[PDB]
Every structure is written in structure tokens, then in C-alpha cells.
Q: 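One structure coming up, written as C-alpha cells, with questions to follow.
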There are 2 protein chains.
Amino acid sequence: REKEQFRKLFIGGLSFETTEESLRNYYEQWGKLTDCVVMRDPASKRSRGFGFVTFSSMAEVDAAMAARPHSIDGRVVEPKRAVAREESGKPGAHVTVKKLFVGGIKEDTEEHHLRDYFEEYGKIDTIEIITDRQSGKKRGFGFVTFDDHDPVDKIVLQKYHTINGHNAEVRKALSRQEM
Amino acid sequence: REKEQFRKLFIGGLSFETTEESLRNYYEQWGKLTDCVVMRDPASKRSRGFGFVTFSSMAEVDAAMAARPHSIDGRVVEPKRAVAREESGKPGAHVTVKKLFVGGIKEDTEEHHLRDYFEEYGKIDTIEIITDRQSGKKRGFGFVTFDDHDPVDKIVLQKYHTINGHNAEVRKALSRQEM
DNA sequence: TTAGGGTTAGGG
DNA sequence: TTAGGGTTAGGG
């Protein structure tokens, strides 16, 4: 079994009335939780408006995310795969995006190669293989845009992927302003 | 005089036809350049669509920025105070925003203290001193929003500022998702 | 060398 | 202790 970090969801935008009890009761519909916490101001004990749930298996996490949208105590919340504390301070660590950078694919990787690899993770809206506008050559990287952020979030938990005969690398796609 | 880094403008969105010669001819309207470069791909020599100019003094940089918008070889460009290479990899290093975070101002700093200190850098739109919503207590930081990004860019070239008798710290303002 | 995009972070 | 905002990044 994977360690808890890979079975854990960040639950954003909680109603300030939601409690560990009501958060647990909601996410238990997809399986047993090994942890559940609503984060609170230590001084006032007021809710900070988010928390975490940790399922007993990866399959349970996926089932919960497959059943979005989630409404708890009368507010629609935003569950996300938990980004590890060690990523704090990295550009884009907590940005939610639908686009993935793929590097290391050299000059023989075409759009369909990326599609064949990534389509099992989720619905793909577009793929871009970057080329040099003057030489025409492939530049050895591309982007995959999904219809939802969750495939990106899951994919980037594994940095290195074997694609089209290459040791490729994935990164969450960041705009110029974010990089 | 100041080091070149503080006399330097990043010029974003260049026409791909702009050359060092045409970039220089444009910016020399405001003073003599000690440096001018159009950045290119090392393999193909295609323009990357940006460059730098460095003026002989800080006053000349200010004069150029006071004369925006700038159009060069038929394209409107975006000049920006240059962000040092050493900032690469920090969240928000290259963000362009009108809003400034001000920390370290404790519980006795009011809007007018920030207005009095910052108004010399440019036109101020709004000032917010942040308080705890329930208690009303000042939380020791605030935000200054200007009508343009350039005052922010200039201000954050100096991290530490004395404000209302405090050692304060300034940061470009980021959304929570970017931190 | 593996950060685009007509979206804009560094050569010498 | 110095990251807001009904704006959502961690305590045990």
C-alpha cells in the first residue's frame, strides 16, 4: 500500500461550519478514511476553510474524485490531490491547471505518441508538440491539455515517464508570469 | 552610479524583426545606452521576442518608463524593470502586478502611513490595512495597489523599507494559489 | 540539455 | 512572527 500522502485529498473551500465529523461522514461514502482533519486557527479554533481526508487505498481516492462535484454542508468544495509540504515555495506548487509540460521527448515524438500515452489518465482536449519556427525542427518537448485538473495532479506525482522510447519528464504547465 | 542591473529594462513582446540596432535606436531617445541586446535561440538564431536595454543612469530609465506606451518596429512592447537572474525559481519572480504586499508594520501603522511613504513612487489606487475579521485587530501587514505595475517593480528592488518607524518588507502581491 | 504560445526572463 | 479576499496548502 502507498504511504498516506498519495491517498490524501486537500478539500478546499469548506463551509466554516464543517467539522471533522461532517467531513468524514461525507468522504466515507467512498471508503474507509485513515485520517480526516479540518484545519483551524489555533487561537480562535475557527475553521480555516479547508481540510484533508486520507483514504485506505488509491482506488478509493480515484472513486471519490470520479464522483465530483462534492457539496458538503451546503457549499461546493474543491477536492485536490494533496501537494506535499516539501513542495512549498516552488512556483506553481498549489496552482490548479489542466495543462502538462512533457520534456525529454526529442525529435521523433509526435502528437499521437503523447495522446497514446496520456489518454488513459483522462480526457485530452489538445496536444502541442513544440517546434522552432525558423528551422522547423522539433524542440523536444510538448504540452498536453486535459479537460480537468485532476489528471495533471495525479500525473505529476510521478516525475519520470517512459514515452516513445524515451526517459521523459512531466511538469505542471506554468505560464510566463508563473515561471 | 548604480550597477547596470538597476539601470536595465526587460523589453517583452518584441517584433521578431527587431534587431539590436532598431531596439537601440528606439530607447536612445531617452539617454545613452551602456548595453542593448535582443535575445535569440542559440541553434536557429530566431528572435525569442524579448531583449534588454541598459541606460547610463536611473533617471533615464524613469524617463523612458514615463513615456509609455512604447511601440517598436510596429508592435507595442512591454518594458519592465529587470528582475535579476538570481530571483529565478522564486514564486512570482516575473509576475507583473499593480499590487504590493507590505509586511512588518505591526499594529500602529495606518493607511495614511503607507500613503505618505509610497505616494512618491507613483499614483495609488487603494490601500488596505489587513485586520482579523472577528477581532478587528491589525494583523501587521497591508497592501498598496497602484494604477500601474512600474511603481511596484521599482519598490521591490529594495526589499527592506523603514515605514512608520518599523523595519518593513515589500513583496509583489501574489494570489494564495501562487504561494 | 527537457519552458510554448505572437505571451514577454539574460548574451556577453 | 510579516499573505487578504467566502479566495482553498497541513495538525496530528
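Labels below follow one simple rule: chain letters A, B, ... track the order of the sequence lines, proteins then strands, and each chain is numbered from 1.
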Q: Given the ring of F16(A), does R75(A) sit roughly above its face, with NZ or CZ under 6.0 Å from the centre of the six-membered ring and within 45° of the axis?
A: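 No cation-pi geometry.
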Q: Check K80(A) with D150(A), please: is the shortest side-chain N to carboxylate O separation under 4.0 Å?
A: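 Looking at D150(A) and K80(A), the cut-off is not met.
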Q: In plain terms, say whether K32(B) and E28(B) are close enough for a salt bridge, that is, a side-chain N and a carboxylate O under 4.0 Å apart.
A: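 The answer is no: the pair does not qualify as a salt bridge.
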Q: Can you list, in residue-number order, the parts of residues 145-165 of chain B that come under 4.0 Å of DNA chain C, counting heavy atoms only?
A: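 Close to the strand, none.
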Q: I'd like to know if the side chain of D108(A) pairs up with that of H166(A) as donor and acceptor (distance under 3.5 Å, no hydrogens or angles considered).
A: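 Their side chains do contain a donor-acceptor pair, which is all the 3.5 Å distance test asks for.
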Q: Using the purine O4'-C1'-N9-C4 or pyrimidine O4'-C1'-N1-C2 torsion, is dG6(C) syn (within 90° of 0) or anti?
A: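 With its glycosidic angle more than 90° from zero, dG6(C) counts as anti.
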Q: Any carboxylate oxygen within less than 4.0 angstrom of a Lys/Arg side-chain nitrogen, looking at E119(A) and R115(A)?
A: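 Looking at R115(A) together with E119(A), the answer is no, because their closest N to O distance does not fall below 4.0 Å.
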Q: So, under a plain 3.5 Å distance rule, would you say the side chain of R75(A) forms a donor-acceptor pair with the base of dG6(D)?
A: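 Side chain to base: pair found, below 3.5 Å.
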Q: Enumerate the residues from residues 170-179 of chain A whose closest heavy atom to DNA chain D is under 4.0 Å, giving them by residue number; use none for an empty result.
A: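 The answer is none.
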Q: Under a 4.0 Å threshold between the charged nitrogen and the carboxylate oxygen, would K138(A) count as salt-bridged to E110(A)?
A: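 Salt bridge present between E110(A) and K138(A).
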Q: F101(A) and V170(A): side chain to side chain contact (heavy atoms under 4.5 Å, CB included), yes or no, with the steps?
A: CA-CA 6 Å; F101(A) 169 100; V170(A) 297; over 6 Å; no
Q: Which residues in residues 80-109 of chain B have a heavy atom closer than 4.0 Å to any atom of DNA chain D?
A: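 DNA chain D contact set from residues 80-109 of chain B: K99(B), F101(B), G103(B), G104(B), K106(B).
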Q: Can you list the residues that meet the ring pair (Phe, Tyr, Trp, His ring centres under 6.0 Å) rule with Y27(A), with sequence neighbours excluded?
A: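 By the ring pair (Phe, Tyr, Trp, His ring centres under 6.0 Å) rule, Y27(A) matches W30(A), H70(A).
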Q: Salt bridge check: are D132(A) and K137(A) linked by an N-O gap of less than 4.0 Å?
A: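 Salt bridge between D132(A) and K137(A), a charged N being under 4.0 Å from a carboxylate O: no.
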Q: Do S44(A) and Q134(B) meet the criterion of a side-chain donor-acceptor pair at a distance under 3.5 Å?
A: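 Not at all, the side chains of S44(A) and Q134(B) share no donor-acceptor pair under 3.5 Å.
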Q: Name every residue in residues 5-26 of chain B that has at least one heavy atom under 4.0 Å from any atom of DNA chain C, in order of residue number, or write none if there are no such residues.
A: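 Residues of residues 5-26 of chain B that come under 4.0 Å of DNA chain C are, in numerical order, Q5(B), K8(B), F10(B), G12(B), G13(B), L14(B), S15(B), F16(B).
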Q: Please state the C1' separation for the pair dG5(D) and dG12(D) - nearest whole angstrom.
A: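 Result for the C1' pair: 29 Å, nearest Å.
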Q: Can we say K99(A) and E128(A) salt-bridge, meaning some charged N sits less than 4.0 Å from an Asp/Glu carboxylate O?
A: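 Salt bridge flag = yes for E128(A) with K99(A).
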Q: Provide the distance between the two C1' atoms, one in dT1(C) and one in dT8(C), to the nearest whole Å.
A: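 Rounded to whole Å, the distance is 23 Å.
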Q: Which residue in the set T54(B), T19(B), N25(B), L23(B) passes side chain to side chain contact (heavy atoms under 4.5 Å, CB included) when paired with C36(B)?
A: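 Checked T54(B), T19(B), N25(B), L23(B) against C36(B); only one passes side chain to side chain contact (heavy atoms under 4.5 Å, CB included): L23(B).
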Q: So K8(B) and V61(B), side chain to side chain contact (heavy atoms under 4.5 Å, CB included) or not? Walk me through it.
A: CA-CA 7 Å; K8(B) 184 165 61 182; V61(B) 183; over 6 Å; no
Q: Mark yes or no: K98(A) above the aromatic ring of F146(A), with NZ or CZ under 6.0 Å from the six-membered ring centre and no more than 45 degrees from the axis.
A: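 The answer is no; the distance or angle limit is not met.
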Q: What's the CG-P distance between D132(A) and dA3(C), to the nearest Å?
A: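 Nearest whole value for this atom pair: 14 Å.
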Q: Please report the distance, rounded to the nearest Å, between CD in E128(B) and P in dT2(D).
A: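 Value for this atom pair: 17 Å.
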Q: With rounding to whole Å, what would you report as the distance between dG6(D) and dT2(D) at their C1' atoms?
A: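 24 Å, rounded to whole Å.
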Q: Roughly how far, to the nearest 0.5 Å, is CG of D35(B) from CZ of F52(B)?
A: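 Those atoms lie 9.5 Å apart.
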Q: Can you list, in residue-number order, the parts of residues 36-74 of chain A that come under 4.0 Å of DNA chain D, counting heavy atoms only?
A: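 Only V37(A), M39(A), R48(A), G49(A), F50(A), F52(A) qualify.
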Q: For a quick test of reading the model: is some side-chain N or O of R139(B) closer than 4.0 Å to OP1 or OP2 of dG4(D)?
A: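 Answer yes for this pair, as a side-chain N or O of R139(B) is under 4.0 Å from OP1 or OP2.
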Q: Check whether the six-membered base rings of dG5(D) and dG6(D) have centres under 5.5 Å apart and planes under 30 degrees from each other.
A: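 Stack absent between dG5(D) and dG6(D).
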Q: Would you kindly give the CD-to-P distance between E78(A) and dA9(D), to the nearest whole Å?
A: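 After rounding, the reported distance stands at 11 Å.
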Q: When you compare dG11(D) with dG4(D), how far apart are their P atoms, in angstrom units rounded to a whole number?
A: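 It comes out at 14 Å once rounded to the nearest Å.
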Q: How long is the line joining CG of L33(B) and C1' of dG12(C), in whole Å?
A: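 So the two atoms are 16 Å apart, to the nearest Å.
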Q: Are the charged groups of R171(B) and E169(B) less than 4.0 angstrom apart, N to O?
A: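 Salt bridge: yes.
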Q: When the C1' atoms of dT7(C) and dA3(C) are considered, how many whole Å apart are they?
A: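 Pairwise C1' distance, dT7(C) against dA3(C), rounds to 12 Å.
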Q: Should the pair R85(B)-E87(B) be classified as a salt bridge under the 4.0 Å nitrogen-to-oxygen rule?
A: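 Result for this pair is no, no salt bridge flagged.
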